[PDB]
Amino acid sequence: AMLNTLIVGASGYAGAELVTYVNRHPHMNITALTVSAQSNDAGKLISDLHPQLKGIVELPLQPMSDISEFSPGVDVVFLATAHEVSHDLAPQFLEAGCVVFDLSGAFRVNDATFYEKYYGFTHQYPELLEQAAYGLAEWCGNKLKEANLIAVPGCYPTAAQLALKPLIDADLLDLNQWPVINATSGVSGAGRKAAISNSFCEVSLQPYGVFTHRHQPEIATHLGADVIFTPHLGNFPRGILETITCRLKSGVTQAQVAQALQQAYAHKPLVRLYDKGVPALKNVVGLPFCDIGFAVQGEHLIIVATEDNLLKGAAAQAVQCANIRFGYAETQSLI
């Protein structure tokens, strides 16, 4: 048995990486790759837009308006789409009996104001918000193993929570000093699109979304702790490195922080813990891992987490959740 898999928004950068993994996956194959109804890319091959897939996957991109053209007989739907589209589509696919893995921010947080403030829309499916599993794979339980709607976390929130969650859960941080998360992403995180801001000559190094980015409250809500989160656009296509600075609870030691991380991740295959030193970004790009190292001096902690923004930050985590949902090896198709 193989899972029929629909990939919506397949022509974007995250979408291309989903096509790669699902094609490769021994237990899944693709029914269709869709674009929007009036997409200029309708009828082009996936490999025309993403030539790394030439000779590997060459499915045409089909324009989708009514989802009934694409829902019957589909086991898994990946929504590699922005929130408005995912808000509209996900309920329809669930009703058609599909298990939906939404990469958008649309179902990530069970809260109305969250959507009004940071996404600028009123959320129309409160029941789904309650039902959605937050697909932070290393930490999800069996709301996931048996959810039919999985909200895959954002790229920056993924590294951030992998670094911070075990420490906060062990009460190792003095949260009266909000953790400061500074992160730099490659430009693929902006999406495939012609805009001035992601135009080649416009990229160097700059912070953005200062005190405004929608990933900040996602990280704060899910960790149960206020944080500073400042993203930066760097002049490379792929990867996120996060440098995270905290005040430890008084008396907390290096060995104590190491114990908490060793216990969280030693049997988690997609998290690579550095015993000493801190990871370099190149060492994870094109791989599905999150790499984590840290240092302690006195009452301060600096923890550093890297990932490929399109892999553990998007497509690989999505597929990793599908593996958990459907009972396959957790890393199946990823490594």
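Numbers for residues come from their place in the sequence shown, where the first is 1.
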**Q.** Mean C-alpha temperature factor, higher of 305-313 and 266-274
**A.** 266-274
Q: Would you determine, from the values in the PDB entry, which of 116-124 and 190-198 has the greater average C-alpha temperature factor?
A: 116-124
Q: Identify, among 216, 158, 182, 81, the residue whose C-alpha carries the highest B-factor in the deposited PDB entry.
A: 81
Q | Candidate residues 173, 244, 96, 241, the one whose C-alpha B factor the record puts highest | A | 96
Q. Mind checking which third residue 251 falls in for C-alpha B-factor across the chain?
A. middle
Q) Once the chain's modelled residues are ordered by C-alpha B factor and cut into thirds, is residue 69 in the lowest, middle or highest one? A) highest
Q. Taking the entry's C-alpha B-factors for this chain, is residue 87 in the lowest, middle or highest third?
A. highest
Q. With respect to C-alpha B-factor, does residue 12 fall in the lowest, middle or highest third of the chain as deposited?
A. middle
Q | Ranked C-alpha temperature factor of residue 297 among modelled chain residues, by third | A | middle
